[PDB]
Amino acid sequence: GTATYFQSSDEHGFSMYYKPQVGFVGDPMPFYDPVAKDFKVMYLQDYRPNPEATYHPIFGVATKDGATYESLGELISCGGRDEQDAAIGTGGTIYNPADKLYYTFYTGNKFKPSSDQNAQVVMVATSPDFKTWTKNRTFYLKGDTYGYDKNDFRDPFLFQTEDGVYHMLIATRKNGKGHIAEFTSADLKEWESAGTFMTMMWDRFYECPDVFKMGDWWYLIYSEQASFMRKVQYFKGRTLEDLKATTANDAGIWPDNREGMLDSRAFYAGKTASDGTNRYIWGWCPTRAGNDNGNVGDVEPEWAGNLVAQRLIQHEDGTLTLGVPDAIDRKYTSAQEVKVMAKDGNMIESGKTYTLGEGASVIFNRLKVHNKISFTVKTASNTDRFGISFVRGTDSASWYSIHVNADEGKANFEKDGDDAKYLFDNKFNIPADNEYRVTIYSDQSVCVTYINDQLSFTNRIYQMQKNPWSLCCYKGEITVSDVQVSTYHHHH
């Protein structure tokens, strides 16, 4: 009925983009449990603030589908203040059918290490049922034992190849240069160094590496540590040696025309797992200081937030994009009436289509709490620009928009209105036919925008829930059609 701004909040609760009752979701460690036939997503549990020295214990959630989550609680606790794993960093899980134990390798971060100590050491815990985890008190894998780094030696990724060999990939350095080191084992207990799997481009550092085969392609997914990037990226190759060659001697053989950038700065630490039908990626969407959508960090965003699952889309040429998990899409079952609450500028309404010239905007009726928004936008030219706006009340001085800038080949997240400012961007393939098929899935303040199976754009938008949303044209002219909204909760 109203289209004024309302001060919504996140206390109502999340659902598909999970958050624990207390704290926030840091780096996830997804794993397909071959016995339970579901996904176990371990994750670094973050608190605001964290204790000194002993922080980021490993908690877990279980999910069949990336939409419905069961809390598993604390699984691997921090070591004591003075122990090697006082603070725990990211690792990886794998099942061993020979001894029927789950193995989780992880990073032990020493508090205030001395010259002779290692800031980071890879350690392990096992469990027969995924509920009770037992640390191996004699396993300590040190980078400098094998010529790698004493202090950067982290994020172990585990996979078993078809020949039965277990592989562990660890993000580290050799003589300062970033190296993903490989170790091999027959039993997950005794390990040998296989040298360097891949070097990291230039002075980059690849957090949370993830290597897998999908169809006829091998992939490395990683999260760039460099502050100017802070995005999930990937490389591809038809063979493992082709994959490893993409960065050899800084070759920079990008997998596609966007340096393999899958999402932008509000989706981080993405790693994958497959149930044999779909391969999903789990990452986190950061919180914002003061819950201010325009405070995205001076250098890097805040660390940790909400768990976000996406589905890998493999294209005929082997490139990857991300789409919504089908089970998330199916959560939005309650169709809502779509009504125009406000129009401004040079535009025309043609029934259930709207054509907006430069400067024009249409405001639609208030969203609910967990929303699926869909519509089609056709631009007049391949250099036009349009906006998808949230938290835009008729009385709002500022709001937040995804700018789709066809002339620049990318979508931006920006603050609009008073104190407008560009925040970050997300390159994607512009449609030759100028048609943009848009879907947005939201869960309170977390949403992902998908376009044409090409763009996947996660954003933190506090108070998008229970507030109007809007479409606008910045440059050129657009026609909006087929506007639909469906919600999670059902009313009568």
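Note that residue numbering follows the sequence shown and begins at 1.
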Exercise. Which is higher on average in the deposited entry, the C-alpha temperature factors of 303 to 311 or of 383 to 391?
Worked result: 383 to 391
Seminar exercise, completed: Looking only at C-alpha temperature factors in the entry, 314 to 322 or 356 to 364, the higher average sits in 356 to 364
For this session: Please pick out which of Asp263, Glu408, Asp419, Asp275 has the largest Cα B-factor as recorded in the entry.
Result: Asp419
Seminar exercise, completed: Listed options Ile76, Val121, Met168, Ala98: highest C-alpha B factor recorded at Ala98
For this session: State the tercile, meaning the lowest, middle or highest third, of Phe31 with respect to the CA B-factors recorded for its chain.
Result: middle
Exercise. Is the Cα B-factor recorded for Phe130 in the lowest, middle or highest third of its chain?
Worked result: middle
For this session: Could you say whether, by C-alpha temperature factor, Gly283 belongs to the lowest, middle or highest third of its chain?
Result: lowest
Problem set entry | Cα B factor band for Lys343 (lowest, middle or highest third within the chain) | highest
Exercise. Taking the C-alpha B-factors as the PDB entry records them, is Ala397 in the lowest, middle or highest third of its chain?
Worked result: highest
